[PDB]
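Following this are structure 1 and structure 2, which are two forms of one protein chain, each written alone as structure tokens.
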Structure 1
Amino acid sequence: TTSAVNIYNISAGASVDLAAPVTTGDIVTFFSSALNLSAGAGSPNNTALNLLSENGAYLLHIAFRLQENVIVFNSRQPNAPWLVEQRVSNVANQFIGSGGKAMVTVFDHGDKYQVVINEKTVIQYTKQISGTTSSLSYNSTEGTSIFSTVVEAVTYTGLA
């Protein structure tokens, strides 16, 4: 009955602490003011968007790899190996209908994460780790990111 909107500007390489955590029912949307589908190779990730728990766990890791022409979704506890990674083939195909900008949305359905690029749902991710999101990061491979140097993030919390 009293939802909230929080806006963040995330510079590449940075991690921001959410003024309000993202839990079941809440939403996170990343806005990119540019799209470079022919930027270069990632080491191996050109661009990575992360949702992190209060103790460093990678609730959700989203990685775009041009050289491999794929998108990877994984998770992992702090100082622990990477877990079972789901992948979606064809990067450009997902950004069809972009036009110099893109938005990635993540719905926290509680027991899963729905990832949408623009208007297309790309995957229904099954949570390998549970918990509320308290911080988000935008990591890039030097000079080869498919997104703008600064990505805007909007969270809609306190829905359910």
Structure 2
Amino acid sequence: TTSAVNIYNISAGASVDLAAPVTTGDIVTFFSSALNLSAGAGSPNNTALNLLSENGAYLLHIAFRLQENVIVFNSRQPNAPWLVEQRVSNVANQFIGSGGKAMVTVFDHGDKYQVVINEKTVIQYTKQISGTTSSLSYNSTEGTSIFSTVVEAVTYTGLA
């Protein structure tokens, strides 16, 4: 079996097409060389990370909302409304192991997405939309990003 490693530099506000699709059994890890939580809980800062399908559907939308002090997980089809959102309270608490930097790992287990912040699993997300990830985006929905201007993404494909 031959696996593969792909590295991407994602600037804030951009979307990147993967040279190798992420499917069941594969992994994607986001590396931030900074952690800006200083605004604190209740501030209007919201940054997002998304895994998209070839048809443009949002297989996994990850929103770090400091205003409501929650991390939201959801999915939606193109030109359609957001589905059932899952939430995890206290943003800063999930990053406690961090310190100047952070990493977010998404495991595609086929029927679910396992998300881990640093060493802590924060959720086992049952998929609302099935499919292969062919593109990734990093957007600063509101205020300033909680991550570095450029995020490094590494995918581990051809595992299963």
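Each residue is numbered by where it sits in the sequence of structure 1, with counting from 1. Shifts are known only where both forms have a C-alpha. For the two forms, the rigid core is made up of the largest set of C-alpha atoms that agree within 1.5 Å on superposition.
Asks: Which one moved? Candidates are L52, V115, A102, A39, criterion is a Cα shift of 2 Å or more between the two structures after superposing on the core.
Replies: The listed residue whose C-alpha shifts by at least 2 Å is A39.
Asks: Quick check: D17 between the two structures - does its CA shift reach 2 Å or more after fitting the rigid core?
Replies: Stays below the 2 Å threshold, so no.
Asks: Against the rigid core, is the Cα displacement of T141 between the two structures at least 2 Å?
Replies: Where the cores coincide, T141 still shows a C-alpha shift between the two structures that is 2 Å or more.
Asks: Supposing the core is put in the same place in both forms, how far has the CA of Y8 shifted between the two structures, in Å?
Replies: That residue's C-alpha sits 0.1 Å away in the other form.
Asks: Please identify, after superposing on the rigid core, every run of 3 or more consecutive residues whose C-alpha atoms all shift by 2 Å or more between the two structures, listing them in sequence order.
Replies: Three-plus residue runs displaced between the two structures: 38-45, 141-143.
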